[PDB]
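Going in written order, the chains are labelled A, B, C, D, E, F and G, and every chain counts its residues from 1.
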Amino acid sequence: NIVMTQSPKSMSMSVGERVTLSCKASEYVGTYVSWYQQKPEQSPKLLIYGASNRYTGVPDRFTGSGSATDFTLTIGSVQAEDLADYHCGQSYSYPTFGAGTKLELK
Amino acid sequence: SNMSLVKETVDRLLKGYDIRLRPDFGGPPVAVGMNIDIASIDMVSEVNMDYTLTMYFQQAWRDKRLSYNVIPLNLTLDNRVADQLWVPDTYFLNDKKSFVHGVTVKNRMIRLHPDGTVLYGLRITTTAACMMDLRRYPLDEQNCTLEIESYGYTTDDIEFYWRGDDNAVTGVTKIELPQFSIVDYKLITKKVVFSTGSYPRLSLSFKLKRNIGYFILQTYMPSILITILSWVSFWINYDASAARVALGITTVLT
Amino acid sequence: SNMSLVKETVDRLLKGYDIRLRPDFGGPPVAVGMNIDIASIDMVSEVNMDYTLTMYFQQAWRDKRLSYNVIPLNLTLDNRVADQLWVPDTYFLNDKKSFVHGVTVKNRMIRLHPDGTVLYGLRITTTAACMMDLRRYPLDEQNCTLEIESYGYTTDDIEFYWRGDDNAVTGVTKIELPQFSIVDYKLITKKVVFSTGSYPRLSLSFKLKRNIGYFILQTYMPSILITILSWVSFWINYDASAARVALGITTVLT
Amino acid sequence: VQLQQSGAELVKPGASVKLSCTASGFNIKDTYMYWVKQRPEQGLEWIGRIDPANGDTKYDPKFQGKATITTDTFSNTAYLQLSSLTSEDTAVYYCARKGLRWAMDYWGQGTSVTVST
Amino acid sequence: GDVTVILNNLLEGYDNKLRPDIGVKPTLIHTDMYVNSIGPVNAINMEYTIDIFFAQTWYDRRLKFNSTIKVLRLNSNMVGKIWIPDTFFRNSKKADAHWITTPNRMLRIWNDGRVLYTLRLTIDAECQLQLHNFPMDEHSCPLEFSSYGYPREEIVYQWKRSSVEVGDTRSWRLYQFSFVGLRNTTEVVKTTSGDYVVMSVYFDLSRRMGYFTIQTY
Amino acid sequence: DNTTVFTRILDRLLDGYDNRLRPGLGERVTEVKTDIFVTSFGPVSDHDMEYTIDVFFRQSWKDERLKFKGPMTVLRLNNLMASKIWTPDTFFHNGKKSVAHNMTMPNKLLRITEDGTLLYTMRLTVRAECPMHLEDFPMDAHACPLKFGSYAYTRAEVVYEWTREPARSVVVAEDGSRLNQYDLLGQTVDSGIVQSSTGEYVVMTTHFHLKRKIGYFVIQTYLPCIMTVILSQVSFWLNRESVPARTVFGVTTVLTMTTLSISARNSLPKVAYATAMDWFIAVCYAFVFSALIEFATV
Amino acid sequence: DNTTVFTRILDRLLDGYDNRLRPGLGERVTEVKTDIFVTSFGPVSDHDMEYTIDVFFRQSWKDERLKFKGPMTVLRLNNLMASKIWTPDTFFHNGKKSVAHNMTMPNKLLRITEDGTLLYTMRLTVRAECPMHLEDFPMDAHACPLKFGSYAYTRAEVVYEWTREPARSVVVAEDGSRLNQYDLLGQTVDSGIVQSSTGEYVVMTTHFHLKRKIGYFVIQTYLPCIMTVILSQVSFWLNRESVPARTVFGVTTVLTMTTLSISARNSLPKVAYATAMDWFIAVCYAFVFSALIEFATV
């Protein structure tokens, strides 16, 4: 069973600055690590299909990095709607998710 | 007279013949009986882990569409009709390079019967793959197979069986190899399962014990005679050192 | 326009044509002019006794059926038309295996002149069998031949000749084999008689001579060197029996 | 295109509960269907997956036996049934299909199972 | 649909035997070649293997259409059904296209009648290697090609500016040699059948010295 | 003659069918679900940097033109209709020379489900180039790729995908290991995109991880070489008075080192750099020569 | 309109002709008159127990359906007509690899005489199996066969025969001797019946009698061997005091016997029983070793 380690467990940042996330894979997963946004009291919404490929309807500020095990999601200018719970999940094997990352404004 | 008759029989038959569909397409599976007459086993090779063999591969099934009730005889049609007739999709899984002989024409047979039976023969030569466990080499008995299977049709579309049981395979007892000796052979019927479905399988295998005596004279005779000529060094007196050194090192380099 | 004109002319020419029958089927034999441009000779094999020759084989005859007058130009038609036009069945008697190169398409030419002349070029690499006396090896001069002949049509139905006399063959002077050197080449026209009838034959020949500059310093100098090395024993005194016998028998061994 | 699910449910512990997930705008046989639970302020957890074209099914090694997934090829519906539930599995259950690169592009609306007396 | 109608209209009244502008002008053919790899360069047979995606494009007024689609992208199924130039590699000892899982050929047809035919080849090309100064020797030897039957007056070839493109050059099987550059030439050669436009692509291959130190020195 | 219904169905399906246009040409992107089942992993030719592999290359997509309504729900077919209908032109990016086995008939399989799904499988032996880094020979390991994708159809038109979970897609048979030098450790699939002058293309990569077996190279080179170094070494126990015995022992030693060295070097592919076995042979030979020259100055 | 009559004749000829029915299928047998002309008798391989031969294989039979009448009595036709007309399915029983050359066109002929006689001659190289008993090597003589019959047409349906006298049917060309190691003594035809699982067939047998040339193994093996036994016999004329001389003589004799024996063992082919050359090398080594042990006793 592949386990995903996602960091940092919570954070806080101001509007309009670079923010980078991280998801680590115990075993190998090629490019099959998907990132999902979940606003509070909303269903998850897919951003990044596979490693580093934007989904339809996503803005251009979002972008991810691909590798064998180390996966990072970066955002440029951050607007005020990004307060939401961001999860990483693999699909090379039977699908598994990480702990998630909670974005806050301060 | 009897030509105009055979001509019209072959034409009404092949007229409206649908090559794409097997006999009894929505019906029960079609049985196919096999016969093999082995012509030769050319070379069992260990550098490549294969053996080349030749056979008269024959198949026999029952196509109801090819039924005729006017002319009373069996018809050996020319081999170029076979591409206009349903033949089962028989393949050998463990072949590496294979061919049907193409001289003077394509060495293939086609033969109909009044009841609807067909007999489809081929002179095939395959380079089947045989993995050989050389741990007990050269006193070893290898077991090399030819695995006959259906490609496109599952085990609910074509059934395979050995036509004639243990007499289905003939000519095994006239194959002489310079390196092995065919001890026996077995004919196994089986059903394999893959992701797409189950399919029929038949196996023909040979226990190839290695012929002894050549390897004795090629290696064991040289090994013993080198070690025997090594031991005259002690018969040579220890005062003369150069001759003993030359003798021993000649043994080692040889 | 020109395109539609060439269209209807070619469609008229190929319509009502019979590939089966040579030009002037009931008339005199057809004159086939032949050019060969030799691109490369290589693999002059002593063990296999053949040699690989790449050439732009070219033929030229006249078909009265393929005659046009509306369009004053030479029609280089696409090479797939060669299937649909008569060409003579020229073959090389002494070839072991040959092939027309097939990249990017079949390397083949069809060109029709306004007078009816066809021009049918091909690119062949042929492994011609060249039987070689090695009694005088390595100071030996060899005679390799390419026997060109028609299979089906007798000498009263087809007629070969060299187009352009001794200019029929070109490029021999540019060939540089590794071991040999093309000294002379000859073009011979004659007829051969078999049981089925008489046929025409053209023979292309090369007189290969071998270069000895390698064979001296490889094979001949070590033998003479070891002979002198054996001769040096005589200046050794008879007392040194061990030295003399060791040197001599080492010369025998090497 | 869009996945609808049943509404929230209030059940006693030790009982059995059956969730529905109906698909519209496409046909379930061409893609896998997945069932994921999310606890209140914890991350996503994958339950299992069903192949509707074949009926083959696989389960998480902590959901084997407890949760069973079935399908109805007529209604374009994926059914999750759970046998016996304790007083910890009160969470929102999401239904999703595989997307382009084996990613869950389309998800359900979420069904919160709740447990009390 | 409508693409089927367009194709059935295109091939109607089409001869694949008459090149375009058969009695009007020569057909300019632009050629490009991506080098997937250069195989081993052995001096025993004076040859080298290469692997490339050969590409050709020309203009053909017969395949002209008016519709809302601008490029039709097709399999190798039509490579036999339309006029293809008879390009061949003049210094090829052996050469064959690739046929697994389908004939590796491309065909694309633009609104203005332009065509782009492209295929994958392994070419076993010959070149002489002047084996003096070995193993500090440099060789730069060609991959020539031209049309077989069509003379200069019927098919004229030409290079694009970004015609030849080498790849990573690290997966290449040039063990003894190191790729240092390439160049493209064009010239007219006299042949008994006529004049022909010949294009050559010289791959500069300086041998890299130091292996033969441990081997022999 | 119950087959009249089925031949009517097939004739209806092929009436007006155009196998030259991909399914859903002007509507969507063709999604091809690919699979591989390795029946036998062939021998790895180290000398040519290639390897052989036998596979039941399996594919599936959806053509809406080939829907039918009949008594049977899956049409299992004679495999010559694959020429009569559209199939994707998948080719192997690193395939050197592969063959589709035609014995007895074309080893091909075509099934058409009721909904229009297709399942086109083929048997074939791939011969693909495996670029090797032989610095650590014979303690080396390789990830020999197998990359394939569509010719002439871009990412916007034909997109490839795995049929099952990517960890469980490329399956190797249990006894399907024809290797004798290497061992097969595991599989590794990956899906990616390659940019080119004609456009973008989907590429699915499969890496097979191999580790060379040291058992034979221990016997061939290292053990004889250690014994030969010891054979140099026992010269020093020999005395200084019997100079002919020691010098002939030394010259015989450097002779067997030379023949062992070229014998070891013939086995490997020719490479432009020094390997671990080459360093071992060079160091141990330096010890042999050092022993000889120390005897000489003694 | 010069050839239009001949076109009309041939179109009338093939109108209603079925090439799938042997001439006389439901009435008579088909008598085939065969002839062979060996343009070259290729080299014989003894490791593989095979040999190569290049022939103009000739056949002839009567087909009543192909009668004509016109401005010519023989319609020498191109090779492609043979496909359009029935031809027998002859094949070589012991053929391993036979190739019908088709450079530049198919090397085939067809002559239709108005009475209906046919003469369908082909060019083809055949590689055939020659089982050899290599006990008398290199003084062995073989009769390497070339059998051929018909596939699938029993003796009741197709029967073969020679067109000329059997002693004057298999004709060998004057300069067709491509044998380098074997000498062709003569040909030998024979006809007979076999039985298989399908029925009885006519087999037409040929035998080429070969004798190996012993002119190279004398100089390669026997003369150096005999001269070395004589050199081993020079030891008995030496005085016993030169012990280093006589022992270097002896050990060199055994070593050169090992070299010549291993050299001759690859010259003679892969085989499972003792040959004449093996007996000779064994006896020569036995005499050398007996000289060695006699030196040891003295």
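FYI, a residue touches a chain if its C-beta (ideal position, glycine included) is under 8 Å from a C-beta of that chain, and two chains touch if they have at least 3 such contacts.
K.L.:
Go through the assembly and pull out the chains touching chain C as well as chain G.
P.N.:
none
K.L.:
More C-beta pairs touching across which pair, A-D or C-E?
P.N.:
C-E
K.L.:
Once you find the CA centre of chain E and the CA centre of chain F, what distance in Å lies between them?
P.N.:
So the centre of chain E lies 28 Å away from the centre of chain F.
K.L.:
Can you compute the centre-to-centre distance for chain A and chain F, using the mean CA position of each chain? Integer Å is fine.
P.N.:
About 35 Å separates the centre of chain A from that of chain F.
K.L.:
Indicate the whole-number Å distance between the mean C-alpha point of chain B and the mean C-alpha point of chain C.
P.N.:
41
K.L.:
How big is the gap, in whole Å, between where the Cα atoms of chain B centre and where those of chain E centre?
P.N.:
The answer is 43 Å.
K.L.:
For chain A, jot down the residues that touch at least 2 other chains.
P.N.:
Correct list: 31-32, 50, 91, 94.
K.L.:
For chain B, jot down the residues that touch at least 2 other chains.
P.N.:
Residues 242, 246 of chain B touch two or more partner chains.
K.L.:
Kindly provide every pair of chains that touch.
P.N.:
Going through each pair of chains, those in contact are A-D, A-F, B-F, B-G, C-E, C-G, D-F, E-F.
K.L.:
State the interface residues of chain C toward chain G in the complex, per the touch definition above.
P.N.:
Residues of chain C touching chain G: 18-22, 24-27, 49, 57, 86-100, 122, 124, 126, 129, 131, 151-154, 157, 194-196, 241-242, 245-246, 249, 252-253.
K.L.:
What part of chain F is in contact with chain E in the complex they form?
P.N.:
My answer: residues 18-21, 25-26, 49, 57, 87-92, 95-100, 122, 124, 126, 129, 131, 151-154, 157, 196-198, 265, 270-274, 278, 282.
K.L.:
If you look only at chain A, which of its residues touch chain F in the complex?
P.N.:
28, 30-32, 50, 91-94
K.L.:
What residues on chain E touch chain F, complex-wise?
P.N.:
Touch residues, chain E against chain F: 1, 3-4, 7, 32, 34, 37, 73-78, 98, 100-108, 118, 120, 122, 165, 170-171, 173, 175-176, 208, 210-211, 214-215.
K.L.:
Which positions of chain F touch chain A when the two form their complex?
P.N.:
165-168, 188-192
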